[PDB]
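For reference, the structure discussed in these notes is given below.
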There are 2 protein chains.
Amino acid sequence: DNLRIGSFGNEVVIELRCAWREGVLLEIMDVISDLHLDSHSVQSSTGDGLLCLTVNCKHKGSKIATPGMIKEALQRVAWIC
Amino acid sequence: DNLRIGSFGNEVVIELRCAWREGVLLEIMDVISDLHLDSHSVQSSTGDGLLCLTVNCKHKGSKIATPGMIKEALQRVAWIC
């Protein structure tokens with residue numbers, strides 16, 4: 001819910017803070033890949049049991065599936081604190 | 001010289017620079033997961049045609065793997081440059 005996403009060119013930027021669970025980071029990037037997004041740059045940190053994550057990714061092809069579908073897909077596997 | 005790996009107790013740190021290919025970042029992390037390592041923190045950036053990556057991971061269970069295995073396993077999908 002309290003996670004933002006932005007688009008400029010062929011690139012998408014995701015900034016989210018969620019509750020940490022074992023393997024959640026790999027799952028989040030897997031959903032990003034399942035959304036036809038190739039993650040090139042990641043900045044992440046942990047603290048107080050929370051994981052702060054920023055992902056800069058680009059589309060593997062067309063701009064298909066880049067609006068709010070990321071939010072629903074990400075919320076399926078991550079609990080935004 | 002090449003990309004280095006370190007181990008301290010149950011914690012592992014991976015820092016590598018490799019040639020950028022589409023989808024290589026998730027594949028490297030999948031290999032890290034294939035090494036029974038749970039990645040909690042990832043730092044990655046692109047530049048020229050190279051990908052610089054630093055991964056902080058923990059062992060997924062008592063099935064402890066070894067560094068030389070990590071070096072060889074990572075090279076299967078990433079070209080260290």
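Chain lettering (A, B, ...) mirrors the order of the structure tokens, residue numbering begins at 1 for each chain separately, and ligand numbering begins at 1 in order of display.
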Select all residues from chain B having any atom no more than 7 Å from an atom of chain A (counting only C-alpha atoms, ignoring ligands), output as a PyMOL selection string. chain B and resi 22-23+25+38-46
Within 12 Å of residue B:80, counting only C-alpha atoms, which residues qualify if same-chain residues fewer than 6 places away don't, as number ranges by chain? B: 1-4, 15-21, 24, 28, 50-53, 71-74
Write out as a list in words all residues of chain B that backbone DSSP assigns to alpha helix (DSSP H).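 Restricting chain B to alpha helix (DSSP H) produces residues 24, 25, 26, 27, 28, 29, 30, 31, 32, 33, 34, 67, 68, 69, 70, 71, 72, 73, 74 and 75 of chain B.
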Store the residues of this selection in a file with N, CA, C and O atoms, as a PDB file, in the first residue's frame.
ATOM      1  N   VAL B  24      20.754 -11.256 -16.128  1.00  0.00           N
ATOM      2  CA  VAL B  24      21.871 -11.881 -15.427  1.00  0.00           C
ATOM      3  C   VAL B  24      21.768 -11.678 -13.919  1.00  0.00           C
ATOM      4  O   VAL B  24      22.189 -12.547 -13.145  1.00  0.00           O
ATOM      5  N   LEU B  25      21.210 -10.550 -13.470  1.00  0.00           N
ATOM      6  CA  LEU B  25      21.165 -10.267 -12.038  1.00  0.00           C
ATOM      7  C   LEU B  25      20.313 -11.288 -11.293  1.00  0.00           C
ATOM      8  O   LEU B  25      20.734 -11.835 -10.267  1.00  0.00           O
ATOM      9  N   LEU B  26      19.103 -11.555 -11.791  1.00  0.00           N
ATOM     10  CA  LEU B  26      18.249 -12.547 -11.143  1.00  0.00           C
ATOM     11  C   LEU B  26      18.851 -13.945 -11.228  1.00  0.00           C
ATOM     12  O   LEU B  26      18.709 -14.744 -10.295  1.00  0.00           O
ATOM     13  N   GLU B  27      19.522 -14.260 -12.339  1.00  0.00           N
ATOM     14  CA  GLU B  27      20.150 -15.571 -12.472  1.00  0.00           C
ATOM     15  C   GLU B  27      21.279 -15.750 -11.466  1.00  0.00           C
ATOM     16  O   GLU B  27      21.454 -16.840 -10.908  1.00  0.00           O
ATOM     17  N   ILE B  28      22.065 -14.697 -11.228  1.00  0.00           N
ATOM     18  CA  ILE B  28      23.116 -14.770 -10.215  1.00  0.00           C
ATOM     19  C   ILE B  28      22.508 -15.010  -8.838  1.00  0.00           C
ATOM     20  O   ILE B  28      23.001 -15.835  -8.060  1.00  0.00           O
ATOM     21  N   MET B  29      21.425 -14.297  -8.519  1.00  0.00           N
ATOM     22  CA  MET B  29      20.763 -14.494  -7.234  1.00  0.00           C
ATOM     23  C   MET B  29      20.113 -15.869  -7.135  1.00  0.00           C
ATOM     24  O   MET B  29      20.056 -16.446  -6.042  1.00  0.00           O
ATOM     25  N   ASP B  30      19.612 -16.404  -8.250  1.00  0.00           N
ATOM     26  CA  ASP B  30      19.068 -17.758  -8.229  1.00  0.00           C
ATOM     27  C   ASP B  30      20.167 -18.774  -7.951  1.00  0.00           C
ATOM     28  O   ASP B  30      19.944 -19.760  -7.238  1.00  0.00           O
ATOM     29  N   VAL B  31      21.356 -18.554  -8.515  1.00  0.00           N
ATOM     30  CA  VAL B  31      22.496 -19.418  -8.217  1.00  0.00           C
ATOM     31  C   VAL B  31      22.875 -19.307  -6.748  1.00  0.00           C
ATOM     32  O   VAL B  31      23.201 -20.308  -6.098  1.00  0.00           O
ATOM     33  N   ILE B  32      22.832 -18.090  -6.201  1.00  0.00           N
ATOM     34  CA  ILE B  32      23.101 -17.905  -4.777  1.00  0.00           C
ATOM     35  C   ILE B  32      22.091 -18.687  -3.949  1.00  0.00           C
ATOM     36  O   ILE B  32      22.442 -19.317  -2.942  1.00  0.00           O
ATOM     37  N   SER B  33      20.822 -18.671  -4.364  1.00  0.00           N
ATOM     38  CA  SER B  33      19.816 -19.486  -3.692  1.00  0.00           C
ATOM     39  C   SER B  33      20.082 -20.971  -3.908  1.00  0.00           C
ATOM     40  O   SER B  33      19.847 -21.786  -3.008  1.00  0.00           O
ATOM     41  N   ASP B  34      20.569 -21.341  -5.096  1.00  0.00           N
ATOM     42  CA  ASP B  34      20.927 -22.731  -5.359  1.00  0.00           C
ATOM     43  C   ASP B  34      22.081 -23.195  -4.482  1.00  0.00           C
ATOM     44  O   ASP B  34      22.269 -24.404  -4.308  1.00  0.00           O
ATOM     45  N   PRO B  67      33.178 -21.792  -0.213  1.00  0.00           N
ATOM     46  CA  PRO B  67      33.518 -20.701  -1.152  1.00  0.00           C
ATOM     47  C   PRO B  67      33.896 -21.135  -2.567  1.00  0.00           C
ATOM     48  O   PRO B  67      33.354 -20.586  -3.532  1.00  0.00           O
ATOM     49  N   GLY B  68      34.842 -22.066  -2.722  1.00  0.00           N
ATOM     50  CA  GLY B  68      35.221 -22.508  -4.058  1.00  0.00           C
ATOM     51  C   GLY B  68      34.032 -22.975  -4.875  1.00  0.00           C
ATOM     52  O   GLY B  68      34.008 -22.821  -6.099  1.00  0.00           O
ATOM     53  N   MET B  69      33.033 -23.562  -4.207  1.00  0.00           N
ATOM     54  CA  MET B  69      31.789 -23.909  -4.885  1.00  0.00           C
ATOM     55  C   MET B  69      31.049 -22.661  -5.334  1.00  0.00           C
ATOM     56  O   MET B  69      30.440 -22.649  -6.406  1.00  0.00           O
ATOM     57  N   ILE B  70      31.107 -21.596  -4.527  1.00  0.00           N
ATOM     58  CA  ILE B  70      30.430 -20.349  -4.874  1.00  0.00           C
ATOM     59  C   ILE B  70      31.074 -19.708  -6.097  1.00  0.00           C
ATOM     60  O   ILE B  70      30.383 -19.208  -6.993  1.00  0.00           O
ATOM     61  N   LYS B  71      32.407 -19.703  -6.149  1.00  0.00           N
ATOM     62  CA  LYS B  71      33.105 -19.124  -7.291  1.00  0.00           C
ATOM     63  C   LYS B  71      32.735 -19.840  -8.582  1.00  0.00           C
ATOM     64  O   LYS B  71      32.348 -19.206  -9.571  1.00  0.00           O
ATOM     65  N   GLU B  72      32.845 -21.167  -8.586  1.00  0.00           N
ATOM     66  CA  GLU B  72      32.551 -21.940  -9.787  1.00  0.00           C
ATOM     67  C   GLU B  72      31.076 -21.861 -10.171  1.00  0.00           C
ATOM     68  O   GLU B  72      30.746 -21.746 -11.357  1.00  0.00           O
ATOM     69  N   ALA B  73      30.174 -21.925  -9.186  1.00  0.00           N
ATOM     70  CA  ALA B  73      28.744 -21.870  -9.482  1.00  0.00           C
ATOM     71  C   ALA B  73      28.338 -20.529 -10.080  1.00  0.00           C
ATOM     72  O   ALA B  73      27.490 -20.473 -10.979  1.00  0.00           O
ATOM     73  N   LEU B  74      28.930 -19.434  -9.595  1.00  0.00           N
ATOM     74  CA  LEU B  74      28.582 -18.116 -10.118  1.00  0.00           C
ATOM     75  C   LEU B  74      29.061 -17.942 -11.555  1.00  0.00           C
ATOM     76  O   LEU B  74      28.367 -17.333 -12.377  1.00  0.00           O
ATOM     77  N   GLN B  75      30.244 -18.470 -11.875  1.00  0.00           N
ATOM     78  CA  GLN B  75      30.784 -18.351 -13.225  1.00  0.00           C
ATOM     79  C   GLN B  75      29.949 -19.089 -14.265  1.00  0.00           C
ATOM     80  O   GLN B  75      30.080 -18.802 -15.460  1.00  0.00           O
TER      81      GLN B  75
END
I need the residues in chain A that are strand (DSSP E or B) according to DSSP; give them as a ChimeraX atom specification. /A:4-7,11-19,37-47,50-59
Could you please take those selected residues and save N, CA, C and O atoms as a CSV table (one decimal), in the first residue's frame?
chain,number,residue,atom,x,y,z
A,4,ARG,N,5.8,3.1,-3.6
A,4,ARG,CA,5.6,3.9,-4.8
A,4,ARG,C,6.4,3.3,-6.0
A,4,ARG,O,7.4,2.6,-5.8
A,5,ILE,N,5.9,3.5,-7.2
A,5,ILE,CA,6.5,3.1,-8.4
A,5,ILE,C,6.5,4.2,-9.4
A,5,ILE,O,5.6,5.0,-9.5
A,6,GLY,N,7.6,4.3,-10.2
A,6,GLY,CA,7.7,5.4,-11.2
A,6,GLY,C,8.2,4.8,-12.5
A,6,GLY,O,8.9,3.8,-12.6
A,7,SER,N,7.8,5.5,-13.6
A,7,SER,CA,8.2,5.2,-14.9
A,7,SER,C,8.6,6.5,-15.6
A,7,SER,O,8.0,7.6,-15.4
A,11,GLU,N,12.2,2.4,-18.4
A,11,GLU,CA,12.7,1.9,-17.1
A,11,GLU,C,11.6,2.2,-16.1
A,11,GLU,O,10.7,3.1,-16.2
A,12,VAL,N,11.6,1.3,-15.1
A,12,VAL,CA,10.6,1.4,-14.0
A,12,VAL,C,11.4,1.4,-12.7
A,12,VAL,O,12.4,0.6,-12.5
A,13,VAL,N,11.0,2.2,-11.7
A,13,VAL,CA,11.6,2.3,-10.4
A,13,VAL,C,10.6,1.9,-9.3
A,13,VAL,O,9.5,2.4,-9.3
A,14,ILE,N,11.0,1.0,-8.5
A,14,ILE,CA,10.2,0.5,-7.4
A,14,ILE,C,10.9,0.8,-6.0
A,14,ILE,O,12.1,0.4,-5.9
A,15,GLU,N,10.2,1.5,-5.1
A,15,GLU,CA,10.7,1.7,-3.8
A,15,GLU,C,9.7,1.2,-2.8
A,15,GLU,O,8.6,1.6,-2.8
A,16,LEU,N,10.1,0.2,-2.0
A,16,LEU,CA,9.2,-0.4,-1.0
A,16,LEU,C,10.0,-0.8,0.3
A,16,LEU,O,11.2,-1.0,0.3
A,17,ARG,N,9.2,-0.7,1.4
A,17,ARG,CA,9.7,-1.1,2.7
A,17,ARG,C,8.7,-2.2,3.2
A,17,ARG,O,7.5,-1.9,3.3
A,18,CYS,N,9.2,-3.4,3.5
A,18,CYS,CA,8.3,-4.5,3.9
A,18,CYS,C,8.9,-5.2,5.0
A,18,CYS,O,10.0,-5.1,5.4
A,19,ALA,N,8.0,-6.0,5.7
A,19,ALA,CA,8.5,-6.9,6.8
A,19,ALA,C,9.4,-8.0,6.3
A,19,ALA,O,9.2,-8.6,5.2
A,37,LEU,N,10.1,-7.5,-16.4
A,37,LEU,CA,11.0,-6.4,-16.0
A,37,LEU,C,12.3,-7.0,-15.7
A,37,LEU,O,12.4,-7.9,-14.9
A,38,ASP,N,13.4,-6.4,-16.3
A,38,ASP,CA,14.8,-6.9,-16.0
A,38,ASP,C,15.4,-5.9,-15.0
A,38,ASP,O,15.6,-4.8,-15.4
A,39,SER,N,15.8,-6.4,-13.9
A,39,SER,CA,16.3,-5.6,-12.8
A,39,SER,C,17.8,-5.4,-13.0
A,39,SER,O,18.6,-6.4,-13.0
A,40,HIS,N,18.3,-4.2,-13.3
A,40,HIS,CA,19.7,-3.9,-13.5
A,40,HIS,C,20.4,-3.3,-12.2
A,40,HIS,O,21.6,-3.5,-12.1
A,41,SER,N,19.6,-2.5,-11.4
A,41,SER,CA,20.3,-1.8,-10.3
A,41,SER,C,19.4,-1.9,-9.0
A,41,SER,O,18.2,-1.6,-9.1
A,42,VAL,N,20.0,-2.4,-7.9
A,42,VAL,CA,19.3,-2.6,-6.7
A,42,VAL,C,20.0,-1.9,-5.5
A,42,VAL,O,21.2,-2.0,-5.4
A,43,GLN,N,19.3,-1.2,-4.7
A,43,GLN,CA,19.8,-0.7,-3.4
A,43,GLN,C,18.9,-1.1,-2.3
A,43,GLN,O,17.7,-0.9,-2.3
A,44,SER,N,19.5,-1.8,-1.3
A,44,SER,CA,18.7,-2.4,-0.2
A,44,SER,C,19.4,-2.3,1.1
A,44,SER,O,20.6,-2.3,1.2
A,45,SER,N,18.6,-2.3,2.2
A,45,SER,CA,19.2,-2.3,3.5
A,45,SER,C,18.1,-2.9,4.5
A,45,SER,O,16.9,-2.9,4.2
A,46,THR,N,18.6,-3.4,5.6
A,46,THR,CA,17.7,-4.0,6.6
A,46,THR,C,17.8,-3.2,7.9
A,46,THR,O,18.8,-2.6,8.2
A,47,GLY,N,16.8,-3.3,8.7
A,47,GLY,CA,16.8,-2.6,10.0
A,47,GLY,C,15.5,-2.8,10.8
A,47,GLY,O,14.4,-2.6,10.2
A,50,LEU,N,12.9,-4.9,9.2
A,50,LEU,CA,12.3,-4.4,8.0
A,50,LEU,C,13.3,-4.4,6.9
A,50,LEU,O,14.5,-4.3,7.2
A,51,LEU,N,12.8,-4.5,5.7
A,51,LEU,CA,13.7,-4.4,4.5
A,51,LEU,C,13.3,-3.3,3.6
A,51,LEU,O,12.2,-3.2,3.1
A,52,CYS,N,14.2,-2.3,3.4
A,52,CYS,CA,14.0,-1.2,2.5
A,52,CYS,C,14.7,-1.6,1.2
A,52,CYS,O,15.9,-1.9,1.1
A,53,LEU,N,13.9,-1.5,0.1
A,53,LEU,CA,14.4,-1.9,-1.2
A,53,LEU,C,14.1,-0.9,-2.3
A,53,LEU,O,13.0,-0.4,-2.4
A,54,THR,N,15.0,-0.6,-3.2
A,54,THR,CA,14.9,0.2,-4.4
A,54,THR,C,15.4,-0.6,-5.6
A,54,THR,O,16.6,-1.0,-5.6
A,55,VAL,N,14.5,-0.8,-6.6
A,55,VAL,CA,14.9,-1.6,-7.7
A,55,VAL,C,14.6,-0.7,-9.0
A,55,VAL,O,13.6,-0.1,-9.2
A,56,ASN,N,15.7,-0.5,-9.8
A,56,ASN,CA,15.6,0.1,-11.1
A,56,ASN,C,15.7,-1.0,-12.2
A,56,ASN,O,16.7,-1.6,-12.3
A,57,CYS,N,14.6,-1.1,-12.9
A,57,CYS,CA,14.5,-2.2,-13.9
A,57,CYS,C,14.0,-1.6,-15.2
A,57,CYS,O,13.4,-0.5,-15.3
A,58,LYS,N,14.3,-2.4,-16.3
A,58,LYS,CA,13.8,-2.0,-17.6
A,58,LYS,C,13.0,-3.1,-18.2
A,58,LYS,O,13.2,-4.3,-17.9
A,59,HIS,N,12.1,-2.7,-19.1
A,59,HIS,CA,11.2,-3.7,-19.8
A,59,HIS,C,12.0,-4.6,-20.7
A,59,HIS,O,12.9,-4.2,-21.4
